[PDB]
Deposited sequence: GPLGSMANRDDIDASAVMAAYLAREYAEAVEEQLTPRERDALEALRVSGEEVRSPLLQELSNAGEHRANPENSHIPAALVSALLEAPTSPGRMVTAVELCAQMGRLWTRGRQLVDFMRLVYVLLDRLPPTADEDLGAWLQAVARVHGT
């Protein structure tokens, strides 16, 4: 009947931005992205389980859980926090929920430790060797 022009523009911009950052990744950065995709799916299973048991309504709770996982942190914690934002995004499809998704992402990327680049480099190369 009538389309949500905002959602359509969102879908388009999201994809175009993804393909842009992916085309400008380094060879091993691309190997890391695939590594993060597998590990993220490995934890997405029980991560989904905990949130289903919440049975809850706002972006306040998600923001705290992410920063909680990043307070001495580890690659596993950083991955779980990453996959959490992705799941909030899968819930926040339309309207002002999109702006909510961006702020949660901002929180994630803002509170990453300074050694994350080499912590995830080594850890995500270990994931890739075991998965091809």
property	result
In sequence order, the deposited-sequence ranges that have no modelled C-alpha atom	1-9, 67-71, 86, 148
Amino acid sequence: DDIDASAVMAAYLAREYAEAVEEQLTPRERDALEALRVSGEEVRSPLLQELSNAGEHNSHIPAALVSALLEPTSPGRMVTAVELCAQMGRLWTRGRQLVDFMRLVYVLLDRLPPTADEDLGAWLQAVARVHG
From here on, numbers count along this sequence of modelled residues.
item: Higher-B stretch (mean Cα B-factor, as the entry records it), 60-68 or 96-104; value: 96-104
item: Between the two ranges 6-14 and 21-29, the one averaging a larger CA B factor in the entry; value: 21-29
item: Residue with highest C-alpha B-factor in the PDB entry, from 88, 36, 81, 51; value: 51
item: Chain thirds of CA B-factor: placement of residue 122; value: highest
